[PDB]
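The chain below stands alone, shown as structure tokens; this is the form solved without the partner chain.
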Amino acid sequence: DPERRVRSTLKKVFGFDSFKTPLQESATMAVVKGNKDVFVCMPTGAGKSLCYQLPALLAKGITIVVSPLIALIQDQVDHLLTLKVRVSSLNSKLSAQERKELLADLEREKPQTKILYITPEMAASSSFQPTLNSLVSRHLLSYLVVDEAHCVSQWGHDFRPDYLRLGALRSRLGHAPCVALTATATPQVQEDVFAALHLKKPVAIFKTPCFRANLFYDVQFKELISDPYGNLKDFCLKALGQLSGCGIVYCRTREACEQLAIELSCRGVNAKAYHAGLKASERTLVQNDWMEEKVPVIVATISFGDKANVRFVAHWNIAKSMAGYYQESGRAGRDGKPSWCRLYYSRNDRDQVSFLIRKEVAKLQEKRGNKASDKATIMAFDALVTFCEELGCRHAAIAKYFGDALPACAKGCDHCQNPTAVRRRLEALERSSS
């Protein structure tokens, strides 16, 4: 029984009685089994770390774990040191004395080190190779783990050249299985991971689906609304009337944030602005006022840094990216009860956000020259423009983006609930500028 061994270690070392989801459990079992290569794609906070850290302890040899930054290695190392586990790290920030003590440990038979964190630069170093081949010689490597695996991809919004070295490394440790883990969930990033890391076919995939059936999506066009602030007012109120629950209004500028909270409060719905301009004392009062439910609606530019009963998330201005919008809106309806997600689109608004992105990309060019990755920035915005202008199910467009199959829309979107309503609105959009 592996399930005995897993259950024991989850308690005795990690101090958990259960797995956060069955998907975390399914992934973790496949890694223990050790026959296949594995891809774990779950949101940040889902406990991806556990899926390789636990199996490493049940194995005979050493697990090598590649993480992008010494700052994230250190947090991991300290976490595991407070749980009485034999874990070390190899990097520039170590002394030459400590570096000699660790390399000595690796050149014994049956070393004390059980998990070795290393950067991709250090894994691809000249100075590391004798040690690495010595571990290969003596069949002392149980696994190879590549955390933050999206770093291989130009489409993944954090490219790192050194991650492309990890492929050849992988085929040299062919005896041992490889686990690749990320929160970025686009199909192209997954294609890039599979080829860049020379993963072995059939890959066992553990992927959180991005369809939530309890969310209603719609997209209104501001060019067509006679009374914009009142349209929003009614929306907020309807979502709070079955008062009950809370809501979020997102927007881009400080000025619009303030005007929005004034216009909502003046027209029968209590609301307070929330942005980086105001003082940190006043920031935290608005935060606390929304959490304990004195004030039901918060109008914001930026996150706090959980909340179960958000009955609506409204976007006043189009977001910078599809991943952006999916994250932001998806703060709605965590309790499982019906919520509403609305996006107020306009073509002038689209142009403003479009201009800003490109001006930001020019700055990065001035600084470091042209990069293939800047097209990923543009495409990510464009996917959300298409979402706004196309006749189609809302949830499916989201699904298409993250490479999921056609989800069953329970009339859970404006398009599917009434295809012709939406068509009539898209015809009148085009008549506006006739």
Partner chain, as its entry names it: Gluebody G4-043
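Positions refer to the first chain, counted from 1.
One more form of this protein should be noted, the form solved in complex with the partner chain, which is absent from this view; the next part is about it.
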message: Would all three of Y217, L237 and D414 be in contact with the partner chain in the deposited bound form, where contact means some heavy atom lies within 4.5 Å?
response: no
field: the partner chain in the deposited bound form: contacting segment from 266-274, 197-205, 328-336, 125-133, heavy atom within 4.5 Å
entry: 197-205
statement: From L391, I378, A405, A372: within 4.5 Å of the partner chain in the deposited bound form by heavy atoms is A405
query: the partner chain isn't shown here, but in the deposited bound form which of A46, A399, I62, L50 has a heavy atom within 4.5 Å of it?
result: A399
message: Residue-level question: is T386 within 4.5 Å of the partner chain in the deposited bound form, judged on heavy atoms?
response: no
- request: State yes or no: in the deposited bound form, is some non-hydrogen atom of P161 no more than 4.5 angstroms from a non-hydrogen atom of the partner chain?
  value: no
- request: Decide whether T182 counts as a contact residue for the partner chain in the deposited bound form under a heavy atom distance cut-off of 4.5 Å.
  value: no
message: So, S153 and the partner chain: in the deposited bound form, are they within 4.5 Å at any heavy atom pair?
response: no
query: Does any residue in 125-164 get within 4.5 Å of the partner chain in the deposited bound form, counting heavy atoms only, and if so which ones?
result: none
